[PDB]
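1. sequence plus experimental coordinates follow:
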Amino acid sequence: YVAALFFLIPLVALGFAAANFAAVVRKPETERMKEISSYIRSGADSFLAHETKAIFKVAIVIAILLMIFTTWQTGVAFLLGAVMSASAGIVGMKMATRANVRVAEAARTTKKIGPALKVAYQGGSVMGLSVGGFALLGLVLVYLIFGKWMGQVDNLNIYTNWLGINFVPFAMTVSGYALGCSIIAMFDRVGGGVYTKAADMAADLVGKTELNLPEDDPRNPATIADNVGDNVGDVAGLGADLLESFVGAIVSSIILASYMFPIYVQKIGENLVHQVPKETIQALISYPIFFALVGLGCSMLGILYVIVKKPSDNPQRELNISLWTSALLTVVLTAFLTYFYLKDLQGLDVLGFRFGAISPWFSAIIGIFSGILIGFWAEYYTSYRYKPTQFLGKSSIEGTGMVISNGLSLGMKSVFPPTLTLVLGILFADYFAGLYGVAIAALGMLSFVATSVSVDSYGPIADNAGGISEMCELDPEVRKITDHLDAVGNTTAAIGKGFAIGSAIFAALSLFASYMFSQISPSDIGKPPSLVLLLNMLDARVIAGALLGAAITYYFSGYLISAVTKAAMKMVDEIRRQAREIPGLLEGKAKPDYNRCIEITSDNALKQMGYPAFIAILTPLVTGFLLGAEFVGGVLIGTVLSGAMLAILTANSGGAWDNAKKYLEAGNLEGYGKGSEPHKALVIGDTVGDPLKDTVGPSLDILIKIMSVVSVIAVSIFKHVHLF
Amino acid sequence: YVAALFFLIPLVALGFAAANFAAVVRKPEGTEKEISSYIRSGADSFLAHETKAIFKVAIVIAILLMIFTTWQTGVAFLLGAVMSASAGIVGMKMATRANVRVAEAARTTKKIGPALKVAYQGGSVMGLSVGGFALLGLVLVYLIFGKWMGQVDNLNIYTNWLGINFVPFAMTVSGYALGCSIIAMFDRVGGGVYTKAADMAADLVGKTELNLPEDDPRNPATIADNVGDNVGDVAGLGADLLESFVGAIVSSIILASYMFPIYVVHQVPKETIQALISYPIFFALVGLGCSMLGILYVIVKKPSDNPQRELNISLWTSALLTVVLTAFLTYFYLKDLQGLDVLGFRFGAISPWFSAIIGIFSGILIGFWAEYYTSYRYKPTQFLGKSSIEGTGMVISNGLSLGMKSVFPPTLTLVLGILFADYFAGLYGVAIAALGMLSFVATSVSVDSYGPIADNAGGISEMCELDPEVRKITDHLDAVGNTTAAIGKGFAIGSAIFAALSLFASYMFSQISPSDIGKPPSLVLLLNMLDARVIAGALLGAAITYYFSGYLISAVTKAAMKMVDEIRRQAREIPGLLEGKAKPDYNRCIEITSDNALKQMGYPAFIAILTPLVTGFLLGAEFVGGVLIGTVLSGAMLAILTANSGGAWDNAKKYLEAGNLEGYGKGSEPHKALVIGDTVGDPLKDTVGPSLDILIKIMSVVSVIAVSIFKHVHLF
Ligand SMILES: O=P(O)(O)C(O)(Cn1ccnc1)P(=O)(O)O
Ligand SMILES: O=P(O)(O)C(O)(Cn1ccnc1)P(=O)(O)O
Ligand SMILES: [Mg+2]
Ligand SMILES: [Mg+2]
Ligand SMILES: [Mg+2]
Ligand SMILES: [Mg+2]
Ligand SMILES: [Mg+2]
Ligand SMILES: [Mg+2]
Ligand SMILES: [Mg+2]
Ligand SMILES: [Mg+2]
């Protein structure tokens, strides 16, 4: 049976990632290189172990609560998704820590971009296969065990658990899975981002501007902290976040299809004429899973060809060819799959398939194209090759104040072009296949999460390799090879963040729909969807909730930035004290103390990482129990809008600042060099952008999805338990 | 009849402002007055050019309105535009004339009292001008078109040629508010761009690069800084706040006018609708009278203990008097009406008074939060300042974090206020509270303008070698003033949010046609946010607000970069300027800033005007409503954040300058980082922040005016 092969696909992805990891094992690693690799891996492993222990304790608590109030299988799937996210993060962290020194040694010996690009892509591919395989494995496991083995997909009827809980079985199970994935991603990424960005700000600022020392200089006591933070915050958090986004895209369609069946009914003399055939509903539920499986398989084939493919001097050319080929093949195979799976079905027109069975494929096509433009728009704004980043670089001569003001404008201006792309994508998907197609586009925009995760992971390995080169005092040319891979990596990371936020926006609209559906009760089960899908924004409660949600998102970003700044200030103080008190460090005859900086950042991150996830979880609950369901819908809408805007702005502005600093550093500016005051302004801009790109930017989509899932899960009790 | 007295009230405000201007126009002269004349000439030239451009564009817009809509709409448009322009220019002239007088008084007396009196008199002239002009234009329109012409008597939805369904007096007041808003937007954009660009360039080049004192005469941009303060923070302030006051009034006026035809067999007696339409005008008149009484008591009384103390005492007394008189007015005027429950008056005739009180208290809480977040007397600004020791990047990051965090308390206050206001009086309450939050705009205008005058005094003190105590007193007053500016911006954004909700209501009402006149109001008040078009429009509106802020910042930064380059070149090439024995070329800096401002002032207003038309003609009315919601949210957030963060940076820089940090003084590297933070916040404080509420209201007004045509005339 081919269903067995498609379900085994994710295990094949995991096996291929393991094979690539083995291929990267036994590669040539110097004794100092091996020592630095062991140090970085030990630091990252310790931090990740502490973070994972805390996160899984909290996850056990959350799972017990979910099992109590909601279906026990809901908590079981929550644990499944949480373990999936944690495993993806740990795998990525280990792969990066192992491959940084391998890529550095390759770049040092061959002196050619080919081998280093090959090794770094092997690491990124291992991580991407881990992400995709874990996501799809957990999702298909939930599907089979709870819907197929337990038959939760067969019932598809609204139940009432004790305490007055109105739920759908498979809906609750998949929602719990997505919620676990999102919680684990939130905790991991928050911790890693705080750590890495604080270390980066302190180290880069103190070394570049105050000590006049090179970047990632071994003399700098914060270099190890910066490298380990890159390994943890931008490598493990990256995988967690992207796996969570993939699972959310799939799960939005899953819940929408599940709710579609029992809701589309007609009351007739108190006889409830069911309006949609169950077979069609099951086909629509399985469609997104099979589509994600096809995307994962196509990404696997593309990555295999790339690893076997001819190496190119420019890594960007190979990355672009790989993603283009994988996307085209996925689109074609998905067209065929969508036609065959939904061919000659019944009820599609009723659920919004105006064109027909192929209408979800048209919506998925809209998602892929919309994402491509969002990435392109990000590239123009964040790349020095394009005009805007160059103007920011030219702004260096005028001063730090001009650089900061110019960067802020580029980010605020940057939001409009992608947002128009998203607005057009949403409208066309609704025209092509209603809300189900909205969710299908959310999924399609991230259909090939494996390749994007692979490239984004490929970046950090090159960064950590570059840091190893300066500390180990390797030849300047080898460092130059590492820098070339990192310059493309920064822009590709911004593109990935844009993809994530777009898929999150689509899935969040579909989750608004699912929430409005969840607001229904058995006595009100016969309402027409027109009355169910109504959220009047003239209701004072709805608009008040929208305002409160936007404000909550803004304060959340502010608190993240505050954590990063506190850590970075502590680090700057420690670096100044070490430089003043320790003799011989600036001359190179003394070895500073990095453990103090590592401890400062680790403690601050582990202490401050918990509160934001708790906020994101409890805000919907408290707001709903206080002001009802309409206020919660308004809060969700405001959060979605504010999060999209702020994520786009922060990612683009941080990338622009960093790329302008690299532009000046590369020597493309006329007359001004590393020690110039304009370079100090670029360093200040890059430090300001460090938290914005990898701390505030990525967390916003996770917050949106987690909040929407919490609301859809808990709306049943808070409609009648509203205090006011 | 007392109606005559209430209509004369605005003339009383104008007469009292003129009397104050004449009394303080004594303008005591000092050592060469020449520099004051120079600054006044520059400011007047810039304002004249700006006004010429704005009035050309206004004539074009008025012709278009008269053609497509009722000519009375364009006439009221011109009336409101002229009112706002007169307020702005009057305030700018008064400040430019009284800055040197107050500075000389403060120098001679060596005491804060006399300078406080003169500066508060200037602010009072400005605030009385704003309030009196608003109420004069409003009562004139009311009387001429609704009372004498009987537009209040008709109260029926009409359909003029081309298929526009409108209400007469509603359209007239909409045109009035739209004209005021266009003029305010243009004036504030120009003045803010000019002033903030000059300030950024001067501070960076002098303090960080040249190591020169603030407002040093050797610096060729100091004159530019003072004149820009006069243009952006003296005229723009009045334009923007007068526009906010007029918008608060007109929102309630329009909602009430649409209700009588929409509610249907008429559910609400016409007398009740006319009474509710006339109520907000009399309420604003009473508020203006109370503000005048408070300003009179303050100006006649002896000097206050603290400059903040006098402003707060005046505001408290005015608010209490307004509350009492408004209670009496609301009871007497609406006591014997009927059908007040149908429109939303849960408690009865006193519901609008409760909603206005809720709005006033929400504004007071917003001010409390602003004072908490933007004053160095409290914890957050102190932490931001201490962040300077950790570098400039740390200062910037902490400032951004503080700004983003400050948005929460005010937003929660606004949520509670919206909820409570709806409970007492419905959406009419949301609008009456929008007005109540700004019931005493005169005193707020006075206090807000008082800051810039003290700033100009400090700049002039540095320009002409003067005793240190003079500039110390002026800087003290200016330190108090910046927080007052932030509190005023908070008041403005809150009133804008309330009026924007009421405008959503009026917009949904306007979407009705004569053939669809019988629909139940419950079905009319629906704007489904699950409609893909509505949410897409919300996203696009948020993006439009963000790109608008980005364009403002880009214009300001380009102008400031050109200015910084010119100042650096002047300092490097001219010998003896840094040695203190020379004098540079200020005219070049002034010309650069003025040219850039005049070139960049047009695009943002055109965006704010055309966004609704294009979005509606492209996607329909639901998309336009979504764009309105997205714009409202994004603008509220961005305005609050920018204002609060800029105020925090500036107050932390003053904290370090005052010597409150241990061991680190003026000219220190941490002080350089603090100056960089304040300069980065400069455009955010007075250019991007205030423009957002004007953008929201202008966009909502344009949409409400043209919703009828695009509701069914949509290309897609
Ligand atoms: O991870 P980050 O963005 O901090 C950094 O990697 C940015 N970067 C450097 C070159 N390309 C991007 P670095 O710490 O090397 O300054
Ligand atoms: O233009 P602003 O109001 O920010 C300013 O007046 C701020 N300030 C100065 C003293 N007290 C407040 P200056 O540019 O003179 O630094
Ligand atoms: Mg860096
Ligand atoms: Mg790095
Ligand atoms: Mg580094
Ligand atoms: Mg960086
Ligand atoms: Mg300043
Ligand atoms: Mg000034
Ligand atoms: Mg000044
Ligand atoms: Mg300033």
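-> Looks like it came in fine. Numbering: from 1, shown residues only, chains lettered A, B, ... in the order given. Ligands and ions are numbered 1, 2, ... in the order given.
2. give me the nearest residue to residue A:571, chain neighbours excluded.
-> Among residues not flanking residue A:571 along the chain, residue A:202 sits closest, at 3.0 Å (C-beta to C-beta, 6 or more residues apart in numbering or on different chains). Backbone N, C-alpha and C define where each C-beta goes, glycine included.
3. likewise for residue A:164?
-> Closest residue in space to residue A:164, ignoring its immediate chain neighbours: residue A:717 at 6.3 Å, by C-beta to C-beta, 6+ apart.
4. please see if the host helix or strand of the one you found touches ligand 1.
-> Following DSSP states H and E, one finds residue A:717 within helix A:697-720. No. For helix A:697-720, no contact with ligand 1 is found by C-beta under 6 Å from any ligand atom; the gap never falls below 11.7 Å.
5. does that helix reach ligand 6?
-> No. Shown here: helix A:697-720 not in contact with ligand 6 (C-beta under 5 Å from the ion), separated by at least 12.6 Å.
6. so what's the residue count around the residue nearest to residue A:571?
-> Residue A:202 has 33 neighbours, counted by other C-beta atoms under 10 Å in any protein chain shown.
7. could you point out which element follows whichever strand or helix holds it?
-> Assigned by DSSP H and E, residue A:202 belongs to helix A:169-205. Proceeding N to C from helix A:169-205, the next assigned helix or strand is helix A:223-233, under DSSP H and E.
8. okay, that following helix in CSV with CA atoms only?
-> Presented in CSV, the C-alpha positions along helix A:223-233 are these (Å, rounded to 0.1, in the frame of the first residue of the first chain):
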residue,chain,number,x,y,z
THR,A,223,33.8,35.2,22.5
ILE,A,224,33.0,31.7,23.8
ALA,A,225,29.7,33.0,25.1
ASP,A,226,28.9,34.4,21.6
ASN,A,227,29.7,31.2,19.8
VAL,A,228,27.8,29.0,22.3
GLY,A,229,24.8,31.3,22.1
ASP,A,230,24.9,31.0,18.3
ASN,A,231,24.9,27.2,18.7
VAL,A,232,22.0,27.2,21.2
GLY,A,233,19.8,30.2,20.6
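9. check the offset of it from the chain's centre.
-> 19 Å (C-alpha atoms, centre = their mean, to the nearest Å).
10. tell me the first helix or strand C-terminal of that helix.
-> Using DSSP H and E, the helix or strand that follows helix A:223-233 towards the C-terminus is helix A:236-263.
11. please state the offset of that following helix from the chain centre?
-> Remark: helix A:236-263 is offset 13 Å from the chain centroid, using C-alpha atoms, centre = their mean.
12. and it, is it in reach of ligand 1?
-> No. On the criterion C-beta under 6 Å from any ligand atom, helix A:236-263 is out of touch with ligand 1, staying 11.5 Å away.
13. what sits up against the helix or strand that comes right after that helix?
-> Downstream of helix A:236-263, the next assigned helix or strand under DSSP H and E is strand A:265-268. The contact list for strand A:265-268 (C-beta atoms under 8 Å, 6 or more residues apart in numbering or on different chains) reads A:272-275, A:525-526.
14. one more time with 6 Å, if that's ok
-> A:272-275, A:526 (C-beta atoms under 6 Å, 6 or more residues apart in numbering or on different chains).
15. any residues touching stretch A:617-636, and which ones?
-> Residues outside stretch A:617-636 that contact it (C-beta under 6 Å, 6+ apart): A:519, A:535, A:539, A:541-542, A:545-546, A:548-549, A:552, A:707-708, A:710-711, A:714-715, A:718-719, A:721-724.
16. for those residues, which PyMOL command selects only the ones that are buried?
-> The buried subset of the contacts of stretch A:617-636, as determined by 16 or more other C-beta atoms under 10 Å in any protein chain shown, is captured in PyMOL by this line:
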select buried, chain A and resi 519+535+539+541+542+545+546+548+549+552+707+708+710+711+714+715+718+719+722
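17. distance from stretch A:709-717 to the middle of the chain?
-> The mean C-alpha position of stretch A:709-717 is separated from the chain mean by 23 Å, C-alpha atoms, centre = their mean.
18. just the C-alpha atoms of that stretch, please, in PDB.
-> The C-alpha coordinates for stretch A:709-717 follow below in PDB (Å, rounded to 0.1, in the frame of the first residue of the first chain):
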ATOM      1  CA  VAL A 709      -4.300  27.500  20.100                       C
ATOM      2  CA  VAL A 710      -4.900  28.200  23.800                       C
ATOM      3  CA  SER A 711      -8.000  30.300  22.900                       C
ATOM      4  CA  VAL A 712      -9.400  27.600  20.600                       C
ATOM      5  CA  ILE A 713      -8.800  25.000  23.300                       C
ATOM      6  CA  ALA A 714     -10.300  26.900  26.200                       C
ATOM      7  CA  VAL A 715     -13.100  28.900  24.600                       C
ATOM      8  CA  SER A 716     -15.700  26.500  25.700                       C
ATOM      9  CA  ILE A 717     -15.500  27.200  29.500                       C
END
